[PDB]
Amino acid sequence: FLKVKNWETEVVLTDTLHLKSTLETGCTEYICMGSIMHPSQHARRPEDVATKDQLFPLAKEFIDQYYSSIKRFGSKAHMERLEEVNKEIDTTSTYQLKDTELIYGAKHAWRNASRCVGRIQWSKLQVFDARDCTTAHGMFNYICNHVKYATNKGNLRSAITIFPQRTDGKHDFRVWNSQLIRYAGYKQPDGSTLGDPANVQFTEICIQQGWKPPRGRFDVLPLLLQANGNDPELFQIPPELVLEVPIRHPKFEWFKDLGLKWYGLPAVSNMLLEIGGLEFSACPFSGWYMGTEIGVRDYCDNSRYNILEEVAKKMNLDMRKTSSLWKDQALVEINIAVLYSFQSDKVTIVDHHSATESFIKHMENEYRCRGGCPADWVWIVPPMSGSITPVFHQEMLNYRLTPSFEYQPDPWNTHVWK
Amino acid sequence: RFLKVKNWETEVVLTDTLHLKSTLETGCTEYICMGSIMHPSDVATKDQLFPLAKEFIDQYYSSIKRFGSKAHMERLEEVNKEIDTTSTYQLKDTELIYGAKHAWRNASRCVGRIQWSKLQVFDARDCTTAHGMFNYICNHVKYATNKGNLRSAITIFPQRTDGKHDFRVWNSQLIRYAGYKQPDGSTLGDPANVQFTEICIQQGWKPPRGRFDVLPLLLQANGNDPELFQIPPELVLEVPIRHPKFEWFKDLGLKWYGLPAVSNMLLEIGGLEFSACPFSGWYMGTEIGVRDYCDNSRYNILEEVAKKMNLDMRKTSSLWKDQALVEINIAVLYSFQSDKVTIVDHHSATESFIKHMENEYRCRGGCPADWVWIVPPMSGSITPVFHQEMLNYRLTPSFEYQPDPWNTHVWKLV
Ligand code: HEM
Ligand code: HEM
Ligand SMILES: CNCc1cncc(-c2cc(C)cc(N)n2)c1
Ligand SMILES: CNCc1cncc(-c2cc(C)cc(N)n2)c1
Ligand SMILES: C[C@H](O)[C@H](O)[C@H]1CNc2nc(N)[nH]c(=O)c2N1
Ligand SMILES: C[C@H](O)[C@H](O)[C@H]1CNc2nc(N)[nH]c(=O)c2N1
Ligand SMILES: [Zn+2]
Numbered sequence: 305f306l307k308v309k310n311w312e313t314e315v316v317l318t319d320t321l322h323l324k325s326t327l328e329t330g331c332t333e334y335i336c337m338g339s340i341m342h343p344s345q346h347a348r349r350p351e352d353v354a355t356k357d358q359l360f361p362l363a364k365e366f367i368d369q370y371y372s373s374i375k376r377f378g379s380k381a382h383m384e385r386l387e388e389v390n391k392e393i394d395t396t397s398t399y400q401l402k403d404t405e406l407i408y409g410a411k412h413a414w415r416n417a418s419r420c421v422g423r424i425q426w427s428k429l430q431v432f433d434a435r436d437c438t439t440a441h442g443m444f445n446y447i448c449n450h451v452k453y454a455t456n457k458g459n460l461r462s463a464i465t466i467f468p469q470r471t472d473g474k475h476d477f478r479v480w481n482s483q484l485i486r487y488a489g490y491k492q493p494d495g496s497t498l499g500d501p502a503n504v505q506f507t508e509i510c511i512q513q514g515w516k517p518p519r520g521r522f523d524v525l526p527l528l529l530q531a532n533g534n535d536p537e538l539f540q541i542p543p544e545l546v547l548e549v550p551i552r553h554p555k556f557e558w559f560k561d562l563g564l565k566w567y568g569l570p571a572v573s574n575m576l577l578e579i580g581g582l583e584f585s586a587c588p589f590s591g592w593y594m595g596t597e598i599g600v601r602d603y604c605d606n607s608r609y610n611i612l613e614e615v616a617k618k619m620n621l622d623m624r625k626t627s628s629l630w631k632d633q634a635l636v637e638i639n640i641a642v643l644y645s646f647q648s649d650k651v652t653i654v655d656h657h658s659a660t661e662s663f664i665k666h667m668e669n670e671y672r673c674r675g676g677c678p679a680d681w682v683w684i685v686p687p688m689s690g691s692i693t694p695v696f697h698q699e700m701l702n703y704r705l706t707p708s709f710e711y712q713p714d715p716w717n718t719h720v721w722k
Numbered sequence: 304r305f306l307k308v309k310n311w312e313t314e315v316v317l318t319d320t321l322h323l324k325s326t327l328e329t330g331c332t333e334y335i336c337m338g339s340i341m342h343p344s352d353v354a355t356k357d358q359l360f361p362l363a364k365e366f367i368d369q370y371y372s373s374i375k376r377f378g379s380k381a382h383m384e385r386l387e388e389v390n391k392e393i394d395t396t397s398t399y400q401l402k403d404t405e406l407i408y409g410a411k412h413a414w415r416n417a418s419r420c421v422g423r424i425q426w427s428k429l430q431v432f433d434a435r436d437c438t439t440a441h442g443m444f445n446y447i448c449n450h451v452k453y454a455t456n457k458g459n460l461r462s463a464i465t466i467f468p469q470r471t472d473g474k475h476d477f478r479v480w481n482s483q484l485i486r487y488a489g490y491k492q493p494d495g496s497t498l499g500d501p502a503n504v505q506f507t508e509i510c511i512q513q514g515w516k517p518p519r520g521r522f523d524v525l526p527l528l529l530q531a532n533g534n535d536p537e538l539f540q541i542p543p544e545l546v547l548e549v550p551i552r553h554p555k556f557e558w559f560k561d562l563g564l565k566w567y568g569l570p571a572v573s574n575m576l577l578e579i580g581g582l583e584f585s586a587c588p589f590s591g592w593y594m595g596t597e598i599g600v601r602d603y604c605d606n607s608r609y610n611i612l613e614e615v616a617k618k619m620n621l622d623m624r625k626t627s628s629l630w631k632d633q634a635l636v637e638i639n640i641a642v643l644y645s646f647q648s649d650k651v652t653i654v655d656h657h658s659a660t661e662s663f664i665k666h667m668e669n670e671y672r673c674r675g676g677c678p679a680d681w682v683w684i685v686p687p688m689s690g691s692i693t694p695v696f697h698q699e700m701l702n703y704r705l706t707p708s709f710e711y712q713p714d715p716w717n718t719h720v721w722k723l724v
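Encoded structure:
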């Protein structure tokens, strides 16, 4: 029984949910790893096809949790499902989720995502079951439908598309893209980078796979889709599906001349969805942006588009010394522009003040009904204006509940080509 | 064993071996991280004190390349005799200085630790009365302030004995502004110091009842009732806050003091507890301009500044708070620099901490660091520390929090 305190409101919450955590955080009583990006390699089953005594306990735990969730623990259907999962594992070394279980699992993986400030929405998730998919062409179809549904002409809707779970580890479904929609990055002859430097390696793989790069600053990358462990295949997302927002400023009419844009749909496609010991290595999910993700990280990280210098110049700021806070001043204007632009174009976006306030409300809801809410302060606090958002002053407990979204190796590090 | 930390901006990877030398708890478990908890997770017996003391003496003599020396062994013998006969022991001056510097070096929440080895240590262990504490603190303030060219300093009062004779500075900082709750529910001055202001008034302080009243010192010697002292105003350097572009900013009437001097922590050195150990450095601008000025629970000036900026405050997505916050922090840095009062902006400070951290990994095997505290409260990811993975663990000597003295002091007069 742990208490968390909000140091602004003095609200104290009492956490009991953490008693159900399964995986190591990476911390010990002697060392905290809370700012380590990937602190733990503690997985719930070994790398590939578990034996029965390895997979069934995880399956039983999830089925138990699901039937508990619907007030049916020990019910006829609960005991049959256990027997059913038992026979499936006995005869196939794995088992297949029911549609209801898949949906429950996906929503709870989002609900359990301690790094996500958006989880007040967790039960409003549209789940696309793509477990019947067999080819990269089918994956492209599924992803196109996801993008179209989720974009919804700018009125974004949260969605996840779940491709067939891992079997032996050599037949993985993978979206090689880190997000469904991202811009290419190009190594320049002189040594600078054009476009998004984060995606230089992936872009080079696409180029080497036969993609014809237009070699601009905002080239939407093709999809690089791997089905059933085969070599990945390139697909161009129909551009009418890729909603983009030109970035302009409500006051600085020169801002539009910077030629900046961003896409409207944040769609993570490189993570692993773990449910009942089953691993869904291709499970692209999307919601809608918090403005700072684009305005602070995508635009202003030194290793990303790195636009602070360009914006500050146009603003006529004293960039000679750090103490003029010219980076801070330009940072704010950039984020004003990003929000103003999405809002002007009626593309769903949330500012970090509203998003963090919702997350506090979500925490209170979760403590009241669930007895806790795992939360990673290091990720929840926005990357600008931290302490003027409420989450900065909110103590959080971080712990790992299942089902979950997990990181996984980039496929080009593990894929043996054909 | 080794642990690697990565910087995700530079891809520099550093290897921590120093964490193996911790034996104090972080508060986390193997299954729960308490890294964002402010305060996670009665005097030492003879048995408890012996190994704490040995560990410190061992590390002191290792630091000076005299481990195993005759002086090392005689010092351990001598420390053991004092603990055996007196239930405590006395640090040598060299050990006190070393211990104070390393408590700073070990302060995982402190971004300014590149300066750790240039600490002026004032040994006040001969002090016996609150008047003597006031004298020591005045000298500390004067030395540290240095007419605006601030110098890091700590003054160390007698260690805890039986826990019934503690020396304590009741102030949370040596220099802080009073807060007064008004009958209408508003607060004049600093709302964070309302409770301590009330204690001062109760003890006889006659308050000016203004917005920036420097608080009196409330000083406790030898476990006696604390006593009030007015810091001589000529020793309190203050900076009126103005803005390089907004002429109206000075009309806000803002000022701050130049000397950040924490006075409510406990210094632990080799099992010894120095419950009064005020220390001071210089400010990072955001401490004042973001937290002191713009916390909703503090001076909370965002609204007023945004109004004078004619910002649209009807919607949060105008980012009017963010825009006002930057200008306030510009004003803070401009004002201190104009008055030649030492101050460091969060970009320079975090950059220096990264260099410090890397140096520490190189020469010491690591640098315990609390990312939640190291990352500045504004513009987080445009400072390098945001992208720096850090390991947090507790090394000793250390600065520790301790309960506020008014919650444990049992009063004596009448
Ligand atoms: C609906 C609006 C949503 C908002 C505003 C939101 C906000 C955020 C933000 C700002 C981050 C940090 C991303 C980064 O710093 O790189 C994040 C991370 C995350 N989100 Fe959400 N999110 C939303 C929806 C979703 C959905 C639908 C899912 C899954 C079904 C999800 C799962 C996650 C996970 C697993 C992470 C951390 C993993 C990672 O990206 O490294 N989120 N979210
Ligand atoms: C020399 C310039 C220094 C700078 C720029 C600096 C910077 C900072 C900052 C910005 C914080 C966070 C304060 C807060 O958010 O409340 C902090 C905390 C801390 N500093 Fe430093 N500091 C300096 C000197 C020192 C010195 C001389 C000591 C001790 C001898 C020290 C020990 C600590 C400790 C123990 C903490 C965490 C305790 C606490 O306040 O909660 N620092 N420092
Ligand atoms: C490693 N972080 C990956 C990443 C990068 N960009 C954006 C997001 C993201 C994802 C989702 C579902 C919503 C949102 N608002 N944002 C995640
Ligand atoms: C809980 N933290 C207390 C506090 C409050 N204000 C300022 C500081 C501080 C202290 C020191 C030595 C240096 C600095 N640059 N800042 C510490
Ligand atoms: C090292 C540090 O943990 C790393 O830079 C983290 C910090 N907090 C973050 N927070 C969010 N939301 N997203 C991130 O990518 C990061 N990066
Ligand atoms: C809840 C959270 O841990 C708390 O608000 C912390 C966050 N980080 C901080 N960081 C610094 N430097 N100073 C602080 O007071 C805090 N407060
Ligand atoms: Zn931890």
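Residue numbers (the entry's author numbering), protein chains in the order written: chain A, 305 to 722; chain B, 304 to 344, 352 to 724.
Backbone N, C-alpha and C fix where the C-beta goes; we use that ideal spot for every residue, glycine too.
DSSP bridge partner residues for residue i (one or two, in chain order)
i: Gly489/B; result: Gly499/B
i: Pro550/A; result: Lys565/A
i: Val524/B; result: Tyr487/B
i: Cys336/B; result: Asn702/A
i: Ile638/B; result: Answer is none; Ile638/B lacks a bridge partner.
i: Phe709/B; result: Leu577/B
i: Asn310/A; result: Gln698/A
i: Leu538/B; result: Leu528/B
i: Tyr593/B; result: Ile653/B
i: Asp319/B; result: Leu306/B
Local conformation of residue i per DSSP, three classes
i: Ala571/A; result: strand
i: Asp472/A; result: coil
i: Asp368/B; result: helix
i: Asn532/A; result: coil
i: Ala347/A; result: coil
i: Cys587/B; result: coil
i: residue 727/A; result: The structure shown does not extend to residue 727/A, since chain A is modelled only from 305 to 722, so the question has no answer here.
i: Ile579/B; result: strand
i: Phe696/B; result: helix
i: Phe556/A; result: coil
i: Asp714/A; result: coil
i: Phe377/B; result: coil
i: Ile598/A; result: helix
i: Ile466/A; result: strand
i: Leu643/B; result: helix
i: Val724/B; result: coil
Residues of its chain near residue i, where Cβ-Cβ distance is below 6 Å and the 5 sequence neighbours each way are ignored
i: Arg419/B; result: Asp680, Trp683
i: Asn610/B; result: none
i: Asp649/B; result: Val549
i: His553/B; result: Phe559, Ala641
i: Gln513/B; result: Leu538
i: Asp500/B; result: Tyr487, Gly489
Close-in-space but distant-in-sequence residues of the same chain around residue i (CB under 8 Å, 5 per side omitted)
i: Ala616/B; result: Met623, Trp630, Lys631, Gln633, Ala634
i: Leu545/B; result: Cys448, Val451, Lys452, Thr455
i: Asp602/B; result: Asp500, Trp566, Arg608, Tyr609
Every unbroken alpha helix (DSSP H) within the stretch 653 to 694 of chain B, with a cutoff of 4 residues, ordered by chain: 656 to 674, 681 to 684
Completely contained alpha helix (DSSP H) runs for the stretch 385 to 449 of chain A, where each covers 4 or more residues: 403 to 415
Contact the stretch 459 to 469 of chain A vs the stretch 586 to 597 of chain A: 3+ CB pairs below 8 Å: yes
Cβ pair count under 8 Å reaching 3, the stretch 474 to 490 of chain B against the stretch 570 to 577 of chain B: yes
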